[PDB]
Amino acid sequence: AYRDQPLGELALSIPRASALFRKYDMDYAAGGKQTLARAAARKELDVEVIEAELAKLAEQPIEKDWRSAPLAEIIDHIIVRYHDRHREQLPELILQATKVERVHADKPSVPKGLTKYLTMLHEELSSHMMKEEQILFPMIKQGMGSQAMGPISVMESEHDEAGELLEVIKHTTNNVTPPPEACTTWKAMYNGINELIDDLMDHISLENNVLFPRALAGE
């Protein structure tokens, strides 16, 4: 009965359900408590079609269940797979945007402002990830999460803010769709933005749907 399960649960139990949700712009990362039925109702989408899509994906076995992994292992994975990867992706994308805005400034379809908006995202992310790595994650590792509800809600507010900056980047790039005039840098950059959105959503999902709720529950 997938329509009745929360998005976050579905994304964690069905391999690549996250990619299905991305296609429909369903926020499983910050909106993970919503039922699929609700999220579908909000978007005016046929849930039965989405349920069939999920059933086909569930045919693949699941590769690794983060729902049961120890919190310290989740944290080290976040740092290596997501935090450090964002520290490399974003500056690359900023450089590519700088060049595109420079060279194609006079094309009517150029994504004007993209360099600044990627830089804003990068700046918010850098300070956010440092708070996590230096202050919050160490306390969660020592089993102190159930006394950290204040801090954790602050981090979830910051995840929501990063979500808003993603929407701005989407808006500036026509939902990350290159015009017919785009060169290979411009196309590659848009592919990299999509990759960044994928990773960021999986990163935030892992924190909002697994790490933080388990830590608050006393792990």
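In case it trips you up, residue 1 is the first one in the sequence shown, and so on. In this text, rigid core is short for the largest set of C-alphas that superpose within 1.5 Å between two forms.
- Between 154-162 and 54-62, greater CA displacement relative to the shown form is found for 54-62 when the structures in 4 other deposited structures of this protein are fitted on the core.
- The segment moving more, judged by mean Cα distance from this form in 4 other deposited structures of this protein after a core overlay, is 98-106 among 98-106 and 71-79.
- Relative to its counterpart among 5-13 and 201-209, 5-13 has the higher mean temperature factor, C-alpha atoms as listed in the PDB entry.
- With 52-60 and 184-192 compared on mean CA B-factor from the PDB entry, the stretch scoring higher is 52-60.
- Going by the entry's values, 144 shows the largest Cα B-factor out of 144, 120, 93, 75.
- Annotation for residue 168: C-alpha temperature factor in the lowest third relative to the rest of the modelled chain, per the entry.
- Looking at the C-alpha B-factors along this chain, the one for residue 88 belongs to the middle third.
- Sort the chain's modelled residues by C-alpha temperature factor and residue 148 lands in the highest third, per the entry.
- Per the deposited record, the Cα B-factor of residue 107 falls in the highest third when ranked against the other modelled residues of its chain.
- Ranked by C-alpha B-factor against the other modelled residues of its chain, residue 100 falls in the lowest third.
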